[PDB]
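Below is one structure, written out as structure tokens; the observations come after it.
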Amino acid sequence: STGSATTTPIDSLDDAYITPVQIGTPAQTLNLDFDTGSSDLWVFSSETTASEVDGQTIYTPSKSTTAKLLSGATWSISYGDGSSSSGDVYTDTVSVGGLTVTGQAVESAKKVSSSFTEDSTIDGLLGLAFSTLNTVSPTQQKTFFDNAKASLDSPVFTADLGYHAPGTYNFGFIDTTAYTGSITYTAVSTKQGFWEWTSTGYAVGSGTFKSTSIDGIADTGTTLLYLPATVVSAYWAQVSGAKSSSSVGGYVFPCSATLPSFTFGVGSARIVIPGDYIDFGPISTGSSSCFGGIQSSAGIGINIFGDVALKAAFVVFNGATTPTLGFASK
């Protein structure tokens, strides 16, 4: 089996990407945030506190003939940005881009935090990290990828995120037309439940490459690129007027600037993030101060190769017995 689905930025900044998902019988289509940094598939639903729903499409289990309540199961999750959600659990049929899993745990939200309510374009999350992070209790549940794996032509999925443009998530095959040159594979540690790997270094603009190991996670559910303070300081030092602002919460820069590119290492290979990808626009409507797309990971406790990095590449999430990550330019 294979699947292929288009993923679309939710706004002009690429703050996140939504991908249509069919749930239940007849299908209910919800637009989910595919998240390689978490392992719960949860949805706005008919059970969600009414006051906490503002424009999202909801899943209504009672209208699905294949929905079954998973008796006694509950879930509760908190994300790195402080958002949270929780509820109960159904099993149902879930299809992504033609690929169908029967008996998928669909986690139904009874409660969601304000950030989710406030984002009318995201109907839920579909987690694609390792199933060990799944929060369902008392019986932990598998991810959509985990459930699909055995049926797939190849035990892989790929992320091809667009810059201010649609992209693609594929399951079960590698589209050799979707990237240039070759794919460079690198080792993964599953020890923290993430697609965790080690970049071989970085460069700023046309500067010389600095060889140095940067341990981080490939996380499609995080907007920005979070790296050690040393690295981030070296990048923003090349932008006149850029500074770290505690009041804004990160590096800002004059909106009149031309940003340099940022290169990161995958083994011997290099992925170049164009400078434009690092511009996230005025800090507030009408401001001439713009928010940077590369920020310090200090105080996160982990480095995050978020969408800013990943959208510069074709990324293979290889779920073989020994998982690996592959990166290609595109």
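Chain identifiers are assigned as A, B, and so on, following the order in which chains appear in the structure tokens; residues are numbered from 1 within each chain, and ligands are numbered from 1 in order of appearance.
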Within 10 Å of region 38-42 of chain A using only C-alpha atoms, minus same-chain residues under 6 positions, as a ChimeraX atom specification: /A:32,59,75-79,85-89,104-109,123-136,141-146,193-195,219-221
Contact residues around region 270-276 of chain A with only C-alpha atoms at 10 Å, ignoring same-chain residues under 5 positions, as a PyMOL selection string: chain A and resi 163+184+199-205+209+258-265+293+308-314+327-330
Contacts of region 234-245 of chain A at 8 Å (only C-alpha atoms; same-chain gap of 2+ positions) as a PyMOL selection string: chain A and resi 204+230-232+247-254+257-260+262
Test item, helix (DSSP H, G or I) assignment across region 228-260 of chain A, answer as a PyMOL selection string: chain A and resi 229-236
Selection above as a file: N, CA and C atoms, as a short mmCIF file (atom, residue, chain, number, x, y, z; two decimals), in the first residue's frame:
data_model
loop_
_atom_site.label_atom_id
_atom_site.label_comp_id
_atom_site.auth_asym_id
_atom_site.auth_seq_id
_atom_site.Cartn_x
_atom_site.Cartn_y
_atom_site.Cartn_z
N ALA A 229 22.55 28.53 21.56
CA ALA A 229 22.67 29.99 21.60
C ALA A 229 23.89 30.48 20.81
N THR A 230 25.00 29.77 20.91
CA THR A 230 26.22 30.11 20.14
C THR A 230 25.94 30.20 18.63
N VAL A 231 25.23 29.20 18.11
CA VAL A 231 24.92 29.09 16.68
C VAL A 231 24.00 30.23 16.26
N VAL A 232 22.96 30.45 17.07
CA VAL A 232 21.95 31.46 16.79
C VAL A 232 22.56 32.88 16.85
N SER A 233 23.43 33.12 17.84
CA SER A 233 24.14 34.40 17.95
C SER A 233 25.00 34.62 16.72
N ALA A 234 25.71 33.58 16.27
CA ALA A 234 26.52 33.72 15.04
C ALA A 234 25.68 34.07 13.81
N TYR A 235 24.47 33.51 13.70
CA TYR A 235 23.62 33.85 12.57
C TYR A 235 23.18 35.32 12.66
N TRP A 236 22.59 35.73 13.77
CA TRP A 236 21.98 37.06 13.82
C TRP A 236 23.01 38.18 13.87
#
Strand (DSSP E or B) positions in region 135-223 of chain A, given as a PyMOL selection string: chain A and resi 137+156-160+167-171+184-187+189+196-204+210-218
Just-selected residues, C-alpha atoms written as an mmCIF file, in the first residue's frame:
data_model
loop_
_atom_site.group_PDB
_atom_site.id
_atom_site.type_symbol
_atom_site.label_atom_id
_atom_site.label_comp_id
_atom_site.auth_asym_id
_atom_site.auth_seq_id
_atom_site.Cartn_x
_atom_site.Cartn_y
_atom_site.Cartn_z
ATOM 1 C CA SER A 137 -3.963 5.340 29.341
ATOM 2 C CA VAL A 156 8.671 4.859 5.284
ATOM 3 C CA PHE A 157 6.926 8.199 5.096
ATOM 4 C CA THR A 158 8.276 11.405 3.585
ATOM 5 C CA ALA A 159 7.761 15.124 4.310
ATOM 6 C CA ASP A 160 8.037 17.617 1.451
ATOM 7 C CA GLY A 167 3.678 20.309 -0.267
ATOM 8 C CA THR A 168 3.302 16.567 0.178
ATOM 9 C CA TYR A 169 3.281 13.789 2.745
ATOM 10 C CA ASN A 170 3.811 10.346 1.189
ATOM 11 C CA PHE A 171 3.491 6.997 2.916
ATOM 12 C CA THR A 184 21.744 11.362 2.573
ATOM 13 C CA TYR A 185 20.791 9.082 5.423
ATOM 14 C CA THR A 186 21.838 9.623 9.034
ATOM 15 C CA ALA A 187 21.377 7.699 12.313
ATOM 16 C CA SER A 189 18.044 7.609 18.312
ATOM 17 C CA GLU A 196 16.412 12.370 16.966
ATOM 18 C CA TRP A 197 19.606 12.794 14.933
ATOM 19 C CA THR A 198 22.916 14.689 14.877
ATOM 20 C CA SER A 199 23.676 17.404 12.374
ATOM 21 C CA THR A 200 27.325 17.670 11.386
ATOM 22 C CA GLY A 201 27.449 21.467 11.541
ATOM 23 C CA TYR A 202 26.445 24.745 10.011
ATOM 24 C CA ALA A 203 27.280 27.811 7.964
ATOM 25 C CA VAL A 204 25.893 31.395 7.852
ATOM 26 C CA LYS A 210 31.683 24.909 11.035
ATOM 27 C CA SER A 211 31.973 21.236 11.813
ATOM 28 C CA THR A 212 30.253 20.512 15.069
ATOM 29 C CA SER A 213 27.714 17.959 16.275
ATOM 30 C CA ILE A 214 24.238 19.342 16.895
ATOM 31 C CA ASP A 215 21.835 16.843 18.397
ATOM 32 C CA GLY A 216 18.186 17.602 17.612
ATOM 33 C CA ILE A 217 14.805 16.341 16.451
ATOM 34 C CA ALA A 218 13.080 16.423 13.081
#
A:298, A:18, A:315, A:13 ranked by distance to residue 281 (chain A), top pick (using only C-alpha atoms):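 Residue with the minimum atom-to-atom distance to residue 281 (chain A): A:13.
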Between CA of residue 267 (chain A) and CA of residue 190 (chain A) - distance in Å to one decimal: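 Computing it gives 18.7 Å between the two atoms.
Of note, CA of residue 68 (chain A) and CA of residue 4 (chain A) are spaced 26.7 Å apart.
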Shortest interatomic distance to residue 27 (chain A) - which of A:67, A:53, A:304, A:183, counting only C-alpha atoms: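 Using only C-alpha atoms, residue 27 (chain A) sits closest to A:67.
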Selected residue, from A:62, A:51, A:83, A:284, that lies nearest to residue 110 (chain A) when counting only C-alpha atoms: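 Of A:62, A:51, A:83, A:284, the one nearest residue 110 (chain A), counting only C-alpha atoms, is A:51.
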